[PDB]
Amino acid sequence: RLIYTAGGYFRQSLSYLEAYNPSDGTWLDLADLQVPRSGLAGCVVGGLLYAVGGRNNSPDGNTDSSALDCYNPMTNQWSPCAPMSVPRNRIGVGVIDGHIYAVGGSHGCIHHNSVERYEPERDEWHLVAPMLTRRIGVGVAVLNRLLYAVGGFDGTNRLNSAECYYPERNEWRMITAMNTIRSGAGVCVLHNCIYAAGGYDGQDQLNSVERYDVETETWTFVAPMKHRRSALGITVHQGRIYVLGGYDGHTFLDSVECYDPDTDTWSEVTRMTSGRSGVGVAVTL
């Protein structure tokens, strides 16, 4: 119903937790984070907003986060949960059967191919076999109960490659690579298709968008975004993809574009309270 936006970066790492209502286009100002982070990811399981990974880029120094904080909408309080095995900045996340998968990310110079799964019942993190490629700024999506790691950065090369995880087999397999090289792109699922919007190809921030159809196994371009952006928040709400903020190789966007798959067009539906990049977003339900 509503769309969260947690953390981000603008001159320093942010603690902003806000919520956008697309029903009437209003910004709800909620409780600020325990610790300011950028590069963190957001997901919602059991009506609880989880803030996974990230990095506190402050004037005093930099610290990559292994912290999992939780926010119940009613109680309006951040409650620290069990931390991950390793810090994960520039993290991507997905969920299968109410279990939060923490994919890739970075801890300083360490670029992760490792993946670990959180159980909200037990408050425990367990590792679930590494990816074929090390991926930071990775985009994660789940379709037909299979988790996809899309694009990212392996420490040297930006990636167009994607790979599919199978929970029942506990196994990774490489799929068809994207047309465009994308690190820090917005990845989500809409109408049985894996969308990949924006990102960074190694030299330019992108506004191009493409989607993977599971039946054909083919990546196809769609209408591009208005503004170029990497490190953008992304989510789906009532059959429409929303993208929030990001970095354009200079400044930090407050723009919020909305994709309509029927007409194949984007439109700037709103603006955030302030410009920021590296936010983590998730729809309420």
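In case it trips you up, residue 1 is the first one in the sequence shown, and so on.
- The stretch with the higher mean CA B factor, choosing between 115-123 and 157-165, is 115-123.
- On average the C-alpha atoms of 74-82 have higher B-factors than those of the other stretch, with 141-149 and 74-82 being the two compared.
- Which of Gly233, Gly249, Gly42, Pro224 has the largest Cα B-factor in the deposited entry comes down to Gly42.
- In this PDB entry, the Cα temperature factor of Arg229 sits in the bottom third of its chain's modelled residues, the lowest group.
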